[PDB]
């Protein structure tokens, strides 16, 4: 069809291309004629044909876990922006932590020739780290690891440990000592890593967390609902609680309220993520903020680099969580004593 435009403008295709891409000088009239034909015929250059020759689709892929979760959704939407303001088109794929699903997507992606790969899989078993190496060619960056798990990728690091620690400290400094904790999957950095940062602070404070007080969650509100229930559904209960993620916390709040508890008069609760609608939780949620836009942009920007400037060496950039004081934490029994 570039033919059809060309013969209607009475010029070569080679010319038609040139005016379209401003790849070289074309006479005014000539350039106008082409436009005219271009308009009449109603022409839309084939991006596929072109990519075939230029060798790049100007389109990147997202091998994600899930897209509904607040945490996720925000990151992605940020990524989309960056892609768009820089020409890239975005292919989104959710693996659901399912190997086959991830193997399939990884393939469709390579075949559809994505220019780069944005990886957010949550849990990375060896089998997965393997598949990834098989694609060490297509440039990529994992955005959800605690450290550099490999050498064939660029990685961005959230410092979820120094966050957990920050969370613990606050509680401590608020006068708390009987603290419980509902963490997210341990096979996750955002789970196991935040937890540990937490426990460190606990140890330096000589605080012990009774195991009847640590309840695993899956980051979904329902899980936090059941964890809170268990923690308070017992003889001795803590005076404060550290929740792995905001959306689980929102589920902790519910149960608390459902059992006549008052947060934070009865129980203080601190979460982690700082989701967009956190402030509108009842009460406004005190939590640890994860820079999600900066995560998105910073990842997209690493990929581009490697992409354009053909970099080959691994790169890892750190990002930092920070505390956000809202209205869900109350002073503790030992506050005055410090």
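Residue numbers count along the first chain shown, from 1.
Here the stretch with the larger average CA B-factor, out of 42-50 and 271-279, is 42-50. Of the two stretches examined, 65-73 and 23-31, the record assigns the greater average C-alpha temperature factor to 23-31. Taking the deposited Cα B-factors for 218, 154, 178, 162, the highest one is held by 154. Set against one another, the Cα B-factors of 253, 91, 128, 182 in the record reach their highest point at 128. Per-chain ranking of the deposited C-alpha B factor places residue 246 in the lowest third. Per the deposited record, the Cα B-factor of residue 58 falls in the middle third when ranked against the other modelled residues of its chain. In the PDB entry, residue 84 places in the highest third of its chain by CA B-factor. Annotation for residue 317: CA B-factor lies in the highest third of the chain's modelled residues. Ranked by C-alpha B-factor against the other modelled residues of its chain, residue 9 falls in the highest third.
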